[PDB]
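Text of query-v9.cif (mmCIF, C-alpha atoms) as supplied:
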```
data_final
loop_
_atom_site.group_PDB
_atom_site.id
_atom_site.type_symbol
_atom_site.label_atom_id
_atom_site.label_comp_id
_atom_site.auth_asym_id
_atom_site.auth_seq_id
_atom_site.Cartn_x
_atom_site.Cartn_y
_atom_site.Cartn_z
ATOM 1 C CA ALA A 1 0.717 -23.976 2.017
ATOM 2 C CA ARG A 2 3.718 -25.954 3.386
ATOM 3 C CA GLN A 3 6.557 -27.398 1.235
ATOM 4 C CA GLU A 4 6.783 -24.051 -0.638
ATOM 5 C CA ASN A 5 4.137 -22.515 -2.939
ATOM 6 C CA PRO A 6 5.236 -22.219 -6.621
ATOM 7 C CA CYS A 7 3.613 -19.153 -8.260
ATOM 8 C CA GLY A 8 3.714 -17.045 -11.452
ATOM 9 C CA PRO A 9 4.318 -13.325 -10.613
ATOM 10 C CA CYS A 10 1.943 -10.889 -12.361
ATOM 11 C CA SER A 11 4.491 -8.157 -13.190
ATOM 12 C CA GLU A 12 7.346 -8.771 -15.665
ATOM 13 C CA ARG A 13 10.793 -8.645 -13.984
ATOM 14 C CA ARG A 14 11.508 -5.474 -11.951
ATOM 15 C CA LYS A 15 8.659 -6.215 -9.489
ATOM 16 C CA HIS A 16 10.271 -4.265 -6.607
ATOM 17 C CA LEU A 17 6.957 -2.540 -5.768
ATOM 18 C CA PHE A 18 4.926 -5.812 -5.556
ATOM 19 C CA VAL A 19 4.114 -8.641 -3.130
ATOM 20 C CA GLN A 20 2.441 -12.023 -3.842
ATOM 21 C CA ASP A 21 0.514 -14.290 -1.435
ATOM 22 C CA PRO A 22 2.552 -17.544 -0.993
ATOM 23 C CA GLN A 23 -0.601 -19.745 -0.909
ATOM 24 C CA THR A 24 -3.066 -18.429 -3.533
ATOM 25 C CA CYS A 25 -0.496 -16.597 -5.763
ATOM 26 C CA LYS A 26 -2.679 -13.440 -5.647
ATOM 27 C CA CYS A 27 -0.617 -10.332 -6.530
ATOM 28 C CA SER A 28 -0.801 -6.889 -4.910
ATOM 29 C CA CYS A 29 1.272 -3.735 -5.350
ATOM 30 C CA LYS A 30 3.458 -2.880 -2.336
ATOM 31 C CA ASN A 31 2.374 0.771 -2.807
ATOM 32 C CA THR A 32 -1.434 1.113 -2.592
ATOM 33 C CA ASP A 33 -3.722 4.017 -3.564
ATOM 34 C CA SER A 34 -4.453 4.396 0.177
ATOM 35 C CA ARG A 35 -0.842 5.573 0.697
ATOM 36 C CA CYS A 36 -1.000 7.913 -2.325
ATOM 37 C CA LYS A 37 -4.317 9.365 -1.031
ATOM 38 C CA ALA A 38 -2.684 9.952 2.391
ATOM 39 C CA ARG A 39 -0.064 12.011 0.444
ATOM 40 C CA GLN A 40 -2.831 13.710 -1.677
ATOM 41 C CA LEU A 41 -1.876 11.733 -4.822
ATOM 42 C CA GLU A 42 -3.321 8.771 -6.808
ATOM 43 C CA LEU A 43 -1.678 5.457 -7.810
ATOM 44 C CA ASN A 44 -0.523 4.784 -11.389
ATOM 45 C CA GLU A 45 -1.540 1.091 -11.380
ATOM 46 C CA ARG A 46 1.015 0.200 -14.122
ATOM 47 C CA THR A 47 4.256 1.121 -12.283
ATOM 48 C CA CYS A 48 2.539 1.437 -8.847
ATOM 49 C CA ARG A 49 3.994 4.866 -8.024
ATOM 50 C CA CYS A 50 2.033 7.928 -6.847
ATOM 51 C CA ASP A 51 1.199 10.647 -9.430
ATOM 52 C CA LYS A 52 -0.892 13.867 -9.449
ATOM 53 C CA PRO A 53 -4.530 13.203 -8.368
ATOM 54 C CA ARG A 54 -6.553 15.205 -10.933
ATOM 55 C CA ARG A 55 -4.625 18.472 -11.328
#
```

How would this structure read if it were set down as structure tokens?
Amino acid sequence: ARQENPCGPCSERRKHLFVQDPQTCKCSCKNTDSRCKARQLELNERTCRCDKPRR
């Protein structure tokens, strides 16, 4: 981008478990379903923490 890249974060305030691309302002959770799956869990896309898969 150069000379910063002003963006509008997707999540509200406590966006600890998020990252945002400093060019396009595209948001992604820091914790992905890939990681949950590697731990035999699934991602709760709201809080982006790993919960029970389907048990």

Run the PyMOL selection byres ((chain A and resi 45) around 10) mentally over the shown coordinates, then write out the matched residues as a VMD selection string, using the chain letters and numbers from the document.
chain A and resid 29 31 to 33 42 to 44 46 to 50

Give me the result of the PyMOL selection byres ((chain A and resi 6) around 12) on this file, residue by residue, as number ranges by chain.
A: 1-5, 7-9, 20-26

Ranking A:28, A:18, A:40, A:35 by minimum distance to residue A:55 and counting all atoms listed in the file, which one comes first?
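For residue A:55, the nearest of the given residues is A:40.
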
Enter the distance from atom CA of residue A:17 to atom CA of residue A:41, in Å, rounded to one decimal.
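It comes out at 16.8 Å.
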